[PDB]
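K.L.:
Sharing a structure here in structure tokens format.
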Amino acid sequence: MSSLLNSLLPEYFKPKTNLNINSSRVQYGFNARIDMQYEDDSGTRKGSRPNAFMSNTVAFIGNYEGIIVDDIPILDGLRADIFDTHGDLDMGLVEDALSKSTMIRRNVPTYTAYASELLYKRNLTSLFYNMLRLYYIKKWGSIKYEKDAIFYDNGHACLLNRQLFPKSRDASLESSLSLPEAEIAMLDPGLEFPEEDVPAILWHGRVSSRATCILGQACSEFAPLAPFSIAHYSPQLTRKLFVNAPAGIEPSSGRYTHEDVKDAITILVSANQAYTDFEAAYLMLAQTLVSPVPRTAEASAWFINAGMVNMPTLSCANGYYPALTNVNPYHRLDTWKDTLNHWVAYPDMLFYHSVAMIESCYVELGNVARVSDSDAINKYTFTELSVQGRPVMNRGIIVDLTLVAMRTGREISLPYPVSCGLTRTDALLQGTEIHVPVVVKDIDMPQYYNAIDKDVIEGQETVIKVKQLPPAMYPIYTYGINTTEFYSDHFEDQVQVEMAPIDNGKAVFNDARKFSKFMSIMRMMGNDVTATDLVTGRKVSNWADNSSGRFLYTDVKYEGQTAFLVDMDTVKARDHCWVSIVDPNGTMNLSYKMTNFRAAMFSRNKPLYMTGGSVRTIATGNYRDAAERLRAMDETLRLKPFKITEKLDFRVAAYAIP
Amino acid sequence: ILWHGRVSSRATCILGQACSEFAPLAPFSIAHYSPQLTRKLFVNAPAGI
Amino acid sequence: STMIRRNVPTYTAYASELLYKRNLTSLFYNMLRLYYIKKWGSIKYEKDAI
Amino acid sequence: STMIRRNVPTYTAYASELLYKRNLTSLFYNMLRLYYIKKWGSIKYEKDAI
């Protein structure tokens, strides 16, 4: 659904068509003007950062594994005559429709008997999904993956690509897959009895030399070398695929460009009348196009074990019954062609729709992981109460759409209760300790991180014990639309730390809430604060991120009693464009204000600019008003004359309109 | 007789034994003597038996 | 209907006898007995019993 | 809630017999007993006590 994913984008964000991606890492964000203030009994110290960049790093790598599951049939496409008043295939009108058609008379009785089983095999989501992945593999084919590269680095702990993804050879995305071609046979119209467990599709005119090569590779096993997101492992959809094309199927060309895959999709959707099938495949790919680079070192627990992708079995019986598909189809919603029409016009817009969906999910799974099991709406039972339909199993797209509904605070409506795609809530529901590997840089690591060893020499491979999952992404596109006090994503905020002159700089935060806001605002001001817990004896640093520049309470890496000693004569100025706290006395009052917002994207430590035309909000009415218009100007070549007009020179001629 | 779709592997064994002679050893009430109903039974199933 | 056209005249003649052969009571009776034989199959009968 | 509609007659027949005997109370009973054996697993029973 293009419509619901479009509304997630911010108001200030004005996207263009083309986006020239030339790397496997993008820092999307915005530039804002922060007017910071520090008030005290001595006086006020004002600062101003005119261009403050708040970013979330997003990569094109992520371990996924496809499995073939059984899903509901999508009945949108079949002629409206055979359907009854309630909206189910009234068998008796099917036998009537087949009898009054251009079918062979000896096949009518035997084909009608099979109809009861074969007409309820309508799900082309798996085919469209694979054909969409082939489009983006050939478009962004020049992106590279190095084996010994830095997945994450925060100064203390480092995590390499070798650690998370073993059995991984370095190669380009184009050179990753070597897809073998499945057989594309021609359906004989005079076949005695239809062959079930072999799908048959429709086609307009002649199957081109390149269309054979695309359909051949789409219905085949994906066995990748490099762990890419749009080239993950998928099982063999089918062995053989029939195509009811009276004009013969040309043999396989071998080569094809990304423009030829768009040609193949547009013919397949139009012939089969499968637009709702495409809408399902569009939302599936939106989840599993890009995966987020973790905010903290201990936020890598989400991507340790491979999340399963639920691909519904390829099943289509249109080739055997050409009569039942015509120009008057049955559809539930009137805006059922909107998702395809959006993709054909603006293919590269999927990148923006993808980051909008994963940012919405991973933000909400952040503040869902911090609720006790003894509650009404908890970790296990947040999907059941929200869903008001009848899906087969609460997995895939249902779990991701219900998280988006919680974030935006609106009602998401789909025409069919389809349960296909990636399932994210895997590591959460387990409710056990996860052992993430790490290579150390400094020697004073295991004070900060909950490490397995207490003394570790530099360059050693250690393990961190993560119990509660910290947030993987900070809200950026969904900044101050549905604000919570955990993230504290306000435009205006203030904190009041109360100290007396008798205290020699040392302040104890009994409250946990205002400790979080103090440590966060001090980092905007470019000050390196290092607090020490009095009960346990561990240490926390506000500088625990190089992207957002905020301090969340989950950076403590421990749930206990709150007694944080901060010594305010060991505060060090780290960044540029900073206010100085030289020697405070009395009550401190910190405050900031974010005024304006400008969309910015970075890649390879350089600005990535959006190019091409101005993207519009395509509606169903905007095309069918031109159908209402029809260009009703009678196609008659009316040539109008020009009267020559003489003036002073007479050498040169001058023509007038009347 | 008529049938919906395909006659399963077990449905053949049940219909085969139902249309046969009951020759019991012990005098049970639900296993009394019955003659052979029929020798052959046709099934109009386009999907093979 | 969806019948073979050469069979219509010969099948219609037979209809007078064959359409009045409708009694499946004997088949259902035997199939019901097979259900209960396999369900309560472990019951025993002794020859020299009271 | 399926595409393969050949298995519906078979599925219904088995489901009708099994749904009228569903009970997980005995499994949870033993799982609860295993929890408290591990937790309070340092209690001594002496045979020649009062």
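Lettering and numbering for the structure tokens are positional, with chains as A, B, ... in the shown order, residues counted from 1 in each chain, and ligands counted from 1 in the shown order.
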If you run DSSP over the backbone, which residues in chain B end up strand (DSSP E or B)? Put them as a ChimeraX atom specification.
P.N.:
/B:2,6,22,34,44,47
K.L.:
Using N, CA, C and O atoms, can you write the selected residues to a file as a compact mmCIF listing (two decimals), in the first residue's frame?
P.N.:
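Saved to part-v1.txt:
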# COMPACT_ATOMS: atom_id res chain seq x y z
N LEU B 2 -21.49 -41.12 -7.05
CA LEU B 2 -20.74 -39.86 -7.27
C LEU B 2 -19.72 -39.67 -6.14
O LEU B 2 -19.87 -40.32 -5.08
N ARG B 6 -10.96 -36.44 -5.65
CA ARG B 6 -10.17 -37.70 -5.79
C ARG B 6 -10.58 -38.68 -4.69
O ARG B 6 -10.64 -38.26 -3.52
N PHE B 22 -20.01 -60.56 5.19
CA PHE B 22 -19.62 -60.63 6.62
C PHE B 22 -19.79 -62.09 7.09
O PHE B 22 -20.94 -62.55 7.17
N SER B 34 -24.08 -61.04 6.88
CA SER B 34 -24.70 -60.23 5.79
C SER B 34 -24.26 -60.79 4.44
O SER B 34 -23.08 -61.12 4.28
N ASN B 44 -17.97 -42.42 -10.43
CA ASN B 44 -17.79 -41.32 -11.42
C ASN B 44 -16.96 -40.22 -10.77
O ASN B 44 -17.54 -39.22 -10.28
N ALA B 47 -10.96 -37.30 -11.33
CA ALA B 47 -9.68 -37.59 -10.63
C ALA B 47 -9.64 -39.09 -10.31
O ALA B 47 -10.57 -39.57 -9.63
K.L.:
Can you build me a table of chain A residues sitting at most 12 Å from chain D, with the closest atom pair per residue and its distance in Å to one decimal, using only C-alpha atoms, sorted by chain and residue number, as CSV?
P.N.:
residue,atom,partner,partner_atom,distance
A:69,CA,D:2,CA,10.3
A:70,CA,D:2,CA,6.5
A:71,CA,D:2,CA,6.0
A:72,CA,D:2,CA,5.3
A:73,CA,D:3,CA,5.9
A:74,CA,D:3,CA,9.8
A:75,CA,D:3,CA,11.3
A:114,CA,D:6,CA,10.8
A:115,CA,D:5,CA,11.2
A:116,CA,D:5,CA,8.3
A:117,CA,D:5,CA,5.9
A:118,CA,D:4,CA,8.8
A:119,CA,D:3,CA,9.4
A:120,CA,D:3,CA,5.9
A:121,CA,D:3,CA,5.6
A:122,CA,D:3,CA,7.9
A:123,CA,D:3,CA,8.8
A:196,CA,D:4,CA,10.6
A:197,CA,D:4,CA,10.2
A:312,CA,D:3,CA,10.1
A:313,CA,D:3,CA,9.2
A:314,CA,D:3,CA,10.5
A:315,CA,D:3,CA,8.4
A:316,CA,D:3,CA,10.5
A:317,CA,D:3,CA,11.8
A:390,CA,D:1,CA,8.8
A:391,CA,D:1,CA,7.8
A:392,CA,D:1,CA,5.8
A:393,CA,D:1,CA,9.6
A:416,CA,D:1,CA,12.0
A:417,CA,D:1,CA,10.3
A:418,CA,D:1,CA,10.4
A:419,CA,D:1,CA,11.0
K.L.:
Within 10 Å of chain B, which residues of chain C show up when using only C-alpha atoms, listed as an MDAnalysis selection string?
P.N.:
chainID C and resid 24 26:37 44:47
K.L.:
Point out the residue among A:520, A:164, A:49, A:194 with the least atom-to-atom distance to chain B, counting only C-alpha atoms.
P.N.:
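Of the candidates, the smallest distance to chain B is held by A:194.
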K.L.:
Can I have chain D aligned to chain C? Use a least-squares fit on all Cα atoms paired in order and write it out as a compact mmCIF listing (two decimals) with N, CA and C atoms, in the first residue's frame.
P.N.:
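Output (result-v3.txt):
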# COMPACT_ATOMS: atom_id res chain seq x y z
N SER D 1 -27.54 -30.01 -20.78
CA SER D 1 -26.26 -30.10 -20.03
C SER D 1 -25.24 -30.99 -20.78
N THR D 2 -25.13 -30.84 -22.10
CA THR D 2 -24.13 -31.55 -22.95
C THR D 2 -24.03 -30.89 -24.33
N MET D 3 -22.88 -31.06 -25.00
CA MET D 3 -22.62 -30.64 -26.41
C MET D 3 -22.89 -31.82 -27.35
N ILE D 4 -22.51 -33.04 -26.95
CA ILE D 4 -22.73 -34.30 -27.72
C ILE D 4 -24.19 -34.73 -27.49
N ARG D 5 -25.08 -34.46 -28.45
CA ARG D 5 -26.55 -34.69 -28.35
C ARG D 5 -26.96 -35.99 -29.06
N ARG D 6 -25.99 -36.77 -29.57
CA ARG D 6 -26.23 -38.10 -30.20
C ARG D 6 -26.65 -39.12 -29.13
N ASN D 7 -26.17 -38.96 -27.89
CA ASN D 7 -26.29 -39.96 -26.80
C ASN D 7 -27.55 -39.74 -25.95
N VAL D 8 -28.36 -38.71 -26.23
CA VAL D 8 -29.54 -38.32 -25.40
C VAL D 8 -30.62 -39.41 -25.46
N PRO D 9 -31.01 -39.93 -26.66
CA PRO D 9 -31.99 -41.02 -26.74
C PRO D 9 -31.60 -42.29 -25.97
N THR D 10 -30.32 -42.68 -26.01
CA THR D 10 -29.77 -43.88 -25.32
C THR D 10 -29.74 -43.64 -23.80
N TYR D 11 -29.23 -42.48 -23.38
CA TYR D 11 -29.09 -42.06 -21.95
C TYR D 11 -30.45 -42.08 -21.24
N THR D 12 -31.50 -41.56 -21.89
CA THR D 12 -32.89 -41.45 -21.35
C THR D 12 -33.47 -42.84 -21.09
N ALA D 13 -33.25 -43.79 -22.01
CA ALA D 13 -33.79 -45.17 -21.98
C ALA D 13 -33.27 -45.93 -20.76
N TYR D 14 -31.96 -45.84 -20.48
CA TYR D 14 -31.27 -46.53 -19.36
C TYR D 14 -31.62 -45.85 -18.03
N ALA D 15 -31.66 -44.51 -18.01
CA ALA D 15 -31.95 -43.67 -16.81
C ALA D 15 -33.35 -44.00 -16.26
N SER D 16 -34.34 -44.21 -17.14
CA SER D 16 -35.76 -44.50 -16.80
C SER D 16 -35.88 -45.81 -16.01
N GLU D 17 -35.02 -46.79 -16.30
CA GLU D 17 -35.03 -48.15 -15.68
C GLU D 17 -34.28 -48.14 -14.34
N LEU D 18 -33.26 -47.28 -14.19
CA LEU D 18 -32.31 -47.29 -13.03
C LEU D 18 -32.79 -46.36 -11.90
N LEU D 19 -33.41 -45.22 -12.23
CA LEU D 19 -33.83 -44.18 -11.23
C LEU D 19 -34.85 -44.74 -10.23
N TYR D 20 -35.68 -45.70 -10.65
CA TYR D 20 -36.75 -46.33 -9.81
C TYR D 20 -36.17 -47.42 -8.89
N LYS D 21 -34.87 -47.70 -8.97
CA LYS D 21 -34.13 -48.55 -7.98
C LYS D 21 -32.79 -47.89 -7.65
N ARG D 22 -32.81 -46.89 -6.77
CA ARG D 22 -31.61 -46.22 -6.19
C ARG D 22 -31.72 -46.25 -4.66
N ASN D 23 -30.73 -46.85 -3.99
CA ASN D 23 -30.73 -47.07 -2.52
C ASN D 23 -29.29 -47.35 -2.07
N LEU D 24 -28.72 -46.46 -1.25
CA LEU D 24 -27.33 -46.56 -0.71
C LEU D 24 -27.35 -46.89 0.79
N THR D 25 -28.49 -47.32 1.33
CA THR D 25 -28.72 -47.54 2.78
C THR D 25 -27.89 -48.73 3.27
N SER D 26 -27.80 -49.79 2.45
CA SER D 26 -27.06 -51.05 2.74
C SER D 26 -25.55 -50.79 2.78
N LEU D 27 -25.03 -49.86 1.97
CA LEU D 27 -23.59 -49.51 1.91
C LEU D 27 -23.18 -48.75 3.18
N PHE D 28 -23.98 -47.75 3.58
CA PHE D 28 -23.76 -46.92 4.80
C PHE D 28 -23.88 -47.79 6.06
N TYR D 29 -24.79 -48.78 6.05
CA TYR D 29 -25.03 -49.74 7.16
C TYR D 29 -23.72 -50.48 7.49
N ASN D 30 -23.06 -51.03 6.47
CA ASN D 30 -21.80 -51.81 6.60
C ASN D 30 -20.64 -50.88 6.97
N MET D 31 -20.59 -49.67 6.40
CA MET D 31 -19.56 -48.64 6.68
C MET D 31 -19.64 -48.19 8.15
N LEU D 32 -20.85 -48.07 8.70
CA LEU D 32 -21.10 -47.73 10.13
C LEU D 32 -20.64 -48.88 11.03
N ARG D 33 -20.90 -50.13 10.64
CA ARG D 33 -20.51 -51.34 11.42
C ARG D 33 -18.98 -51.45 11.48
N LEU D 34 -18.28 -51.11 10.39
CA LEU D 34 -16.79 -51.12 10.31
C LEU D 34 -16.19 -50.06 11.26
N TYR D 35 -16.87 -48.93 11.45
CA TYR D 35 -16.45 -47.82 12.35
C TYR D 35 -16.38 -48.32 13.80
N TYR D 36 -17.41 -49.04 14.25
CA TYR D 36 -17.61 -49.47 15.67
C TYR D 36 -16.82 -50.74 15.98
N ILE D 37 -16.52 -51.58 14.97
CA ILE D 37 -15.64 -52.78 15.11
C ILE D 37 -14.21 -52.31 15.45
N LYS D 38 -13.73 -51.25 14.79
CA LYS D 38 -12.36 -50.69 14.99
C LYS D 38 -12.30 -49.92 16.32
N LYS D 39 -13.35 -49.18 16.68
CA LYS D 39 -13.40 -48.31 17.89
C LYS D 39 -13.45 -49.18 19.16
N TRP D 40 -14.47 -50.04 19.27
CA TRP D 40 -14.68 -50.96 20.43
C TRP D 40 -14.17 -52.37 20.07
N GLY D 41 -12.94 -52.46 19.55
CA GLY D 41 -12.33 -53.72 19.06
C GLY D 41 -11.45 -54.38 20.10
N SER D 42 -11.86 -54.36 21.37
CA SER D 42 -11.17 -55.02 22.51
C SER D 42 -12.20 -55.62 23.49
N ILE D 43 -13.36 -56.05 22.99
CA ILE D 43 -14.45 -56.71 23.78
C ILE D 43 -14.28 -58.23 23.61
N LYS D 44 -14.21 -58.96 24.73
CA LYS D 44 -13.96 -60.43 24.77
C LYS D 44 -15.28 -61.17 24.96
N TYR D 45 -15.53 -62.19 24.13
CA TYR D 45 -16.65 -63.17 24.26
C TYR D 45 -16.06 -64.52 24.68
N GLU D 46 -16.31 -64.94 25.92
CA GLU D 46 -15.91 -66.27 26.47
C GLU D 46 -17.09 -67.23 26.32
N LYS D 47 -16.85 -68.44 25.80
CA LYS D 47 -17.90 -69.44 25.45
C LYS D 47 -18.51 -70.04 26.72
N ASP D 48 -17.69 -70.30 27.75
CA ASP D 48 -18.11 -70.91 29.04
C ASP D 48 -18.33 -69.81 30.09
N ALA D 49 -19.02 -68.73 29.71
CA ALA D 49 -19.46 -67.62 30.60
C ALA D 49 -20.96 -67.78 30.87
N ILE D 50 -21.50 -66.96 31.78
CA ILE D 50 -22.94 -66.97 32.18
C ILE D 50 -23.69 -65.95 31.31
K.L.:
List as a list in words the protein and nucleic acid residues near residue 239 (chain A), meaning an atom at most 12 Å away when only C-alpha atoms are counted, but skip any in the same chain fewer than 5 places from it.
P.N.:
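Result of the neighbour search: residues 180, 181, 182, 183, 184, 185, 197, 198, 199, 215, 216, 217, 218, 219, 220, 221 and 314 of chain A.
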K.L.:
I want to know what sits within 6 Å of region 127-141 of chain A, based on only C-alpha atoms, with residues of the same chain fewer than 3 positions away left out; could you give that as a ChimeraX atom specification?
P.N.:
/A:124,173-174,218,230,258,261,281
K.L.:
Could the residues in this selection be written to a file with C-alpha atoms, as a tab-separated table (two decimals), in the first residue's frame?
P.N.:
chain	number	residue	atom	x	y	z
A	124	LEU	CA	1.15	-14.67	-7.20
A	173	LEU	CA	25.93	-7.39	-5.54
A	174	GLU	CA	25.85	-8.16	-9.35
A	218	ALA	CA	12.37	-15.44	-10.78
A	230	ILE	CA	17.80	-7.85	-1.64
A	258	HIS	CA	16.52	-3.39	-15.28
A	261	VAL	CA	11.95	-6.37	-15.73
A	281	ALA	CA	4.71	-8.04	-2.60
K.L.:
Go ahead and compute the interatomic distance for CA of residue 483 (chain A) and CA of residue 552 (chain A), in Å to one decimal.
P.N.:
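CA of residue 552 (chain A) lies 14.4 Å from CA of residue 483 (chain A).
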K.L.:
Write out as a ChimeraX atom specification which residues come within 9 Å of residue 202 (chain A) when counting only C-alpha atoms, dropping same-chain ones fewer than 3 positions away.
P.N.:
/A:242-245,268,271-272,318-319,322
K.L.:
Could you save the residues just selected, with N, CA, C and O atoms, as a compact mmCIF listing (two decimals), in the first residue's frame?
P.N.:
# COMPACT_ATOMS: atom_id res chain seq x y z
N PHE A 242 3.84 -23.16 -16.78
CA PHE A 242 3.06 -23.06 -18.04
C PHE A 242 2.69 -21.59 -18.29
O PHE A 242 2.51 -20.83 -17.31
N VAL A 243 2.60 -21.20 -19.57
CA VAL A 243 2.19 -19.84 -20.03
C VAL A 243 1.22 -20.01 -21.21
O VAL A 243 1.69 -20.43 -22.29
N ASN A 244 -0.06 -19.71 -21.01
CA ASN A 244 -1.13 -19.79 -22.05
C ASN A 244 -0.99 -18.58 -22.98
O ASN A 244 -1.73 -17.59 -22.79
N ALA A 245 -0.06 -18.66 -23.93
CA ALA A 245 0.21 -17.65 -24.99
C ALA A 245 0.07 -18.32 -26.36
O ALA A 245 0.95 -19.10 -26.74
N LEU A 268 2.27 -8.90 -16.83
CA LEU A 268 1.83 -10.02 -15.96
C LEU A 268 0.62 -9.59 -15.11
O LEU A 268 -0.35 -10.37 -15.05
N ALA A 271 -2.63 -8.88 -17.56
CA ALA A 271 -3.18 -10.13 -18.14
C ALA A 271 -3.95 -10.92 -17.07
O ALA A 271 -5.10 -11.32 -17.34
N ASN A 272 -3.32 -11.13 -15.90
CA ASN A 272 -3.85 -11.98 -14.80
C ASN A 272 -4.85 -11.21 -13.93
O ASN A 272 -5.60 -11.89 -13.19
N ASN A 318 -5.07 -19.79 -13.85
CA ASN A 318 -5.69 -18.87 -14.84
C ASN A 318 -5.50 -19.43 -16.26
O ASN A 318 -6.42 -19.27 -17.08
N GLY A 319 -4.34 -20.05 -16.53
CA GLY A 319 -3.99 -20.68 -17.82
C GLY A 319 -5.01 -21.72 -18.27
O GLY A 319 -5.27 -21.79 -19.49
N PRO A 322 -9.19 -19.54 -19.16
CA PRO A 322 -9.07 -18.19 -19.71
C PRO A 322 -10.37 -17.37 -19.69
O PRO A 322 -10.28 -16.15 -19.62
K.L.:
Under the rule of at most 9 Å, produce a per-residue listing of chain B near chain A: chain, number, name, the closest pair of atoms, and the distance in Å, as a tab-separated table, using only C-alpha atoms.
P.N.:
residue	atom	partner	partner_atom	distance
B:4	CA	A:113	CA	8.1
B:5	CA	A:114	CA	6.9
B:45	CA	A:113	CA	8.3
B:46	CA	A:110	CA	6.0
B:47	CA	A:114	CA	7.9
K.L.:
Among chain B, which ones does DSSP assign to alpha helix (DSSP H) (computed from the backbone)? Answer as a ChimeraX atom specification.
P.N.:
/B:9-18
K.L.:
Please compute the CA of residue 249 (chain A)-CA of residue 207 (chain A) distance, one decimal, in Å.
P.N.:
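Taking CA of residue 249 (chain A) and CA of residue 207 (chain A), their separation equals 5.1 Å.
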